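Participant: PDB entry and its sequence, pasted below:
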Amino acid sequence: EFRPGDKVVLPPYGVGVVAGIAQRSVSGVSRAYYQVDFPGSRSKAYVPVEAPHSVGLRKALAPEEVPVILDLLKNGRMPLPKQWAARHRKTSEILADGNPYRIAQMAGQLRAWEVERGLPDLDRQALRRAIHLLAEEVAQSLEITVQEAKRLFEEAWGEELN
DNA sequence: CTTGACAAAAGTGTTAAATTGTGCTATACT
């Protein structure tokens, strides 16, 4: 369940607070619907209360989960196919998937490769867009704007952030 | 109208940088 003021995630919307629940008229009878808003978008969202766990509606990590993610961010890697197709495809799916542990785990190998040989014009967006959801997630949990939030990664990276 | 001495300009040769030309990947899709 999600109360009015719960801090949640709605892929790929990064983070947003739930405003409440309402009966939206969809087709036939109106099932209950959760409401996820994003002030840094001015968008809007309606999430069915039936199976919230099927839309990948997770919740912002707690301040306790910062170090673990950082540790899997600095070191943790993972092999990927050589031809750009499968590799970038996988990375993309992982991105839209909305999984901070997987996005960070990915960011690790992507980082190891970026300063070695160097990152293709594709995997670059697959890195940037990856660090984006992270930097904002940190801003949701620790309530510190993308300035400070991005200032976090600098430690477990070795370099600053864009 | 003539030498000798010189610096600038125009050559001549080998390189580092860049720019351009190519083959190719594999779920299935007719």
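Facilitator: Good, I have the coordinates. Residues are numbered from 1 along each chain as shown, chains lettered A, B, ... in the order given.
Participant: so where do the strands sit in chain A?
Facilitator: Using DSSP state E, the strands of chain A run over A:7-9, A:15-23, A:32-37, A:46-48, A:58-59.
Participant: Skipping its backbone neighbours, what lies nearest residue A:24 in space?
Facilitator: residue A:33 (4.7 Å; Cβ to Cβ, 6 or more residues apart in numbering). The way it works is simple: take the backbone N, C-alpha and C, and place the C-beta from them, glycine included.
Participant: Show me what from chain A comes close to DNA strand B.
Facilitator: A:81, A:83-86 (Cβ under 7 Å from any atom of the strand).
Participant: Next, format these as JSON lines and append neighbour count.
Facilitator: Putting the residues of chain A next to DNA strand B into JSON lines (neighbours: other Cβ atoms under 10 Å) gives the following:
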{"residue": "A:81", "neighbour count": "11"}
{"residue": "A:83", "neighbour count": "9"}
{"residue": "A:84", "neighbour count": "13"}
{"residue": "A:85", "neighbour count": "10"}
{"residue": "A:86", "neighbour count": "11"}
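Participant: In helices, which of those appear?
Facilitator: A:84-86 (DSSP state H).
Participant: between those residues, which is closest to residue A:158?
Facilitator: residue A:84 (26.1 Å; Cβ to Cβ).
Participant: Who are the contact partners of the residue nearest in space to the middle of chain A?
Facilitator: Closest to where the C-alpha atoms of chain A average out (Cα atoms, centre = their mean) is residue A:133, at 3.9 Å. Counting by Cβ atoms under 8 Å, 6 or more residues apart in numbering, residue A:133 touches A:12, A:14, A:95, A:98, A:100, A:103.
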